[PDB]
């Protein structure tokens, strides 16, 4: 949510500004900023976009090659932050402590993703402060299947740069 560092994602579809919650999600925020500061997210894509749900990125190139990330981090989904529209959270696999570089932006209120009695859920670590219209736009682009992935934009939506703002 409202934490401290701001990050600008400049995409081929427009700009999205993030505010990261360093107080509630210290490990997730540090992890994310290290990826941005190292240039990791430059030329990755939003490889999975689902209208009325979310858009996910930070892992693959245009050619759907997967970049090699750093080691996985502990899940901070029990920090009280919820997966409401306009928040950013960490994607992961089956194990709760499996998140690496991939993140998603909620374009709707997705409470079934929240930490709860049935599942540990997905860690929220910031919010979109500018450019939700862009996030909406990206979620609505034509998609198709590539390899084992569905909902891949037919025309790649590229993160051309990601930078921590002063």
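Positions refer to the first chain, counted from 1.
With 1-9 and 156-164 compared on mean CA B-factor from the PDB entry, the stretch scoring higher is 1-9. For the pair 32-40 and 58-66, the mean Cα B-factor is higher in 58-66. Between the residues 139, 101, 45, 117, it is 117 that shows the highest Cα B-factor in the PDB record. For residue 111, the recorded CA B-factor ranks within the highest third of the chain. Only modelled residues enter the ranking.
Residue 105: CA B factor in the lowest third of modelled residues in this chain (values from the PDB entry). In the deposited entry, the Cα temperature factor of residue 75 sits in the middle third of values across the chain's modelled residues. Among all modelled residues in this chain, the alpha-carbon of residue 96 has a temperature factor (C-alpha) in the highest third. Sorting the modelled residues of the chain by their CA temperature factor places residue 145 in the highest third.
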